[PDB]
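Below: one structure, written as C-alpha cells.
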Amino acid sequence: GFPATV
Amino acid sequence: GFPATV
Amino acid sequence: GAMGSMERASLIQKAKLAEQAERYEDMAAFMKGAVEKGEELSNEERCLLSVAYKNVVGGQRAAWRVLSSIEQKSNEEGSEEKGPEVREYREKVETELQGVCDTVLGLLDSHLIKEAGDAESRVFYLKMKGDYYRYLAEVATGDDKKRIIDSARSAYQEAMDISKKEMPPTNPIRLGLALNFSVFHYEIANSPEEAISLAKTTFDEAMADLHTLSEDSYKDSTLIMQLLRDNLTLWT
Amino acid sequence: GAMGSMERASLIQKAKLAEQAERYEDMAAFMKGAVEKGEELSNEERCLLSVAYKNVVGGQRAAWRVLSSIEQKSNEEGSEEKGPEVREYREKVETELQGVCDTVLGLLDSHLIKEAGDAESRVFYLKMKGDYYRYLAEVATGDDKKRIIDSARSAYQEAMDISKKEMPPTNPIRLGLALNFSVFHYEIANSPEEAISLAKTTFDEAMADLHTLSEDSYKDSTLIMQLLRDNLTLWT
Ligand SMILES: CC(C)(Oc1ccc(F)cc1)C(=O)NCCS
Ligand SMILES: CC(C)(Oc1ccc(F)cc1)C(=O)NCCS
Ligand SMILES: [Mg+2]
Ligand SMILES: [Mg+2]
Ligand SMILES: [Mg+2]
Ligand SMILES: [Mg+2]
Ligand SMILES: [Mg+2]
Ligand SMILES: [Mg+2]
C-alpha cells in the first residue's frame, strides 16, 4: 500500500 | 474505440 | 538472444511473475526466450505468450490511436502548423509497434506453426498470425497494404477451416478466433455485413452446443459469446 | 544522449504528446533530453519532468512490491523451494528502478539544483532529490543504507528550510514537499510521530492561509491538503 505522495 | 477482441 | 542462457522452466516461471507484477514487456521477453528454446509450447505456455504480447501491442495501439487522432486534427483546415513533431512521434510509436508485430510473426514462422499438428495449437497460432497481421494492417499505408490485409485474412481463414473440422463450436479458441476475424472484417476489410454474419452464426452455433459442457467449460464459452454479442450490439 | 540531436522545443512538445498517450517512459526520455540542453526549466517543464519520472518509477515500485511480497512468502516456513527465480527477477526490477533513480539524481546534480536560485525551482528540485533517495531507501539493504536514508532527509530538510522562509504555507510545492517528507518519516525513518506532527502542522498552517487565495489557487492547495488529511486518517 502507498500512502499519498505527489 | 476498440470492439472486443481476445 | 538475451534470454539464451536462462533455463526454459525459469523463463516460464518468470513470465508468470511478470504477469502478476503487470510487467508485460518483461513477460513477453521471457516468453520469447522460452519459444526460442525450440520445444513446442503447452496450452498454458501459449496463453502466457499471447497474453504478454497482446498487452504490449495493445498499449502501443492505444498510444498510436491517440497520436494519429492528434495528427489528423493538426492537418485539418484552420489548424496551426505545429511542425513535424506529431508525425515524427506517431511514426516512432508506429515503428516500435511494427517491430513487436514482426517479432511475434517471426516466432510463429520460426517455427511454432510448422510444428503445430494438433488443432488446439495450430488454430491458436494461426489466429495469432491473423491478429498480428491485423495490427500491421491498422497502421499500413504503403505498396504492401493489400498484401498485409490478405496475410491476416489468409491466416484467419486457415484457422477457421481447421477449427470448423476439428473443434466443437463452443471451443474457446474457435470462439475467440471467430470474434477476432469478425473484427478484422468490420475494421480492416470494410466488410461489416461479413463481420455481423460471422459473429451471429458463431454465437448461435455455440449456443446450441452449450448443453454438452461442464460448468467450468460453460463459463469459458459464455464469456466469449458475450463479447460476440457486445460487438453485435455495437454494430447493429 | 540519444536526444542530443532534437531541438529543445521539440523535446518538450513530444513530452506533452507522450503524456497524452500515457507513454511515460518516452515522456521521461524526452524530458531528460530537454534537461540535458543545459538551460533552466520553466515551472511547466519541471512539472513535465517530475510527472514523467514519477510514473516510470511508480510502476517499478509497484512491481517491486509485488515481487518482494512473493519472495517473502517463498522464504517462510513450510513454503516450497522455488529456486533463485523470484529473487533474481526481484533483483532485476530493483536494479532497473535504481538505474532510473540514479538518472534523476544525476540530472538534479548536473546541474539543475546548482542553477536554481528562485524558491519555486530550488524547493521543487530538492523535493525531487528527497523523493528519489527515498525510492532508493525503499529497496536498500547494504552498507550505504543509512547514508541513503540521510541523503533523502537532508534534501527534504533543505527544501523545508527554504520553503518556510520563502513560500506561503498554501504554496502547492511547499504542501507537496511536506506531504512527501511526512511519508518519508512514517515509512523510511520509522518516525510515525514526526510524520503525523508534520502532516498536522502543515495542514493547519495551510488552512489559516486559504483566505488569501483566488478560487484557482484554493483548488490546488486544498487538493494537497486533502492528501495530508487522507494520510492522517490512515495513520491515526
Ligand atoms: C478470453 C479467454 C477466456 O479465452 C481465450 C480464447 C482464445 C484466445 F485466443 C485467447 C483467449 C482467456 O482469457 N484465455 C486465457 C488466455 S489464452
Ligand atoms: C499535485 C499537484 C496539484 O501539485 C504538485 C505539488 C508539488 C509537487 F511536487 C508536484 C505536484 C500537481 O499535480 N501539479 C502538477 C504537476 S507539477
Ligand atoms: Mg535446458
Ligand atoms: Mg511508417
Ligand atoms: Mg460463412
Ligand atoms: Mg537548439
Ligand atoms: Mg540489489
Ligand atoms: Mg517542526
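In the C-alpha cells, chains take letters A, B, ... by order of appearance, with residues numbered from 1 within each chain and ligands from 1 in the order shown.
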* chain A contacts to chain D at 8 Å (only C-alpha atoms) as a ChimeraX atom specification -> /A:3-6
Let me see the file: selected residues, C-alpha atoms, as a PDB file, in the first residue's frame.
ATOM      1  CA  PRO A   3       0.157   6.499   1.470  1.00  0.00           C
ATOM      2  CA  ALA A   4      -0.395   9.567  -0.660  1.00  0.00           C
ATOM      3  CA  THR A   5       2.635  11.333  -2.188  1.00  0.00           C
ATOM      4  CA  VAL A   6       2.869  13.847  -5.062  1.00  0.00           C
TER       5      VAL A   6
END
* Asked: When the cut-off is 9 Å and you count only C-alpha atoms and all ligand atoms, which residues lie near ligand 6, shown as a PyMOL selection string?
  -> chain D and resi 5-9+37
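For chain C, the residues having at least one atom no farther than 6 Å from chain D, when counting only C-alpha atoms, are residues 21, 63 and 66 of chain C.
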Deliver the residues from the most recent selection as a file, using N, CA, C and O atoms, as an mmCIF file, in the first residue's frame.
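Saved file again-v7.cif follows:
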data_model
loop_
_atom_site.group_PDB
_atom_site.id
_atom_site.type_symbol
_atom_site.label_atom_id
_atom_site.label_comp_id
_atom_site.auth_asym_id
_atom_site.auth_seq_id
_atom_site.Cartn_x
_atom_site.Cartn_y
_atom_site.Cartn_z
ATOM 1 N N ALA C 21 3.062 -9.008 -11.689
ATOM 2 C CA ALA C 21 3.574 -7.662 -11.478
ATOM 3 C C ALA C 21 3.133 -6.692 -12.564
ATOM 4 O O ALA C 21 3.537 -5.524 -12.520
ATOM 5 N N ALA C 63 -1.699 4.023 -27.788
ATOM 6 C CA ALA C 63 -0.904 5.240 -27.939
ATOM 7 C C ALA C 63 -0.897 5.713 -29.384
ATOM 8 O O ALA C 63 -1.036 6.917 -29.654
ATOM 9 N N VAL C 66 -4.110 7.603 -30.134
ATOM 10 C CA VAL C 66 -4.117 8.953 -29.575
ATOM 11 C C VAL C 66 -3.316 9.881 -30.475
ATOM 12 O O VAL C 66 -3.769 10.978 -30.837
#
* Selection as a ChimeraX atom specification: residues within 10 Å of ligand 5 by only C-alpha atoms and all ligand atoms -> /C:160,194,197-198,201-202
* To do: Please identify every polymer residue within 7 Å of ligand 7, using only C-alpha atoms and all ligand atoms, and present the set as a ChimeraX atom specification.
  => /D:91,94-95
* **Among listed residues C:136, C:27, C:126, C:48, nearest ligand 4 (using only C-alpha atoms and all ligand atoms)** => C:136
* With distances taken over only C-alpha atoms and all ligand atoms, which of C:171, C:79, C:214, C:191 is nearest to ligand 1? -> C:171
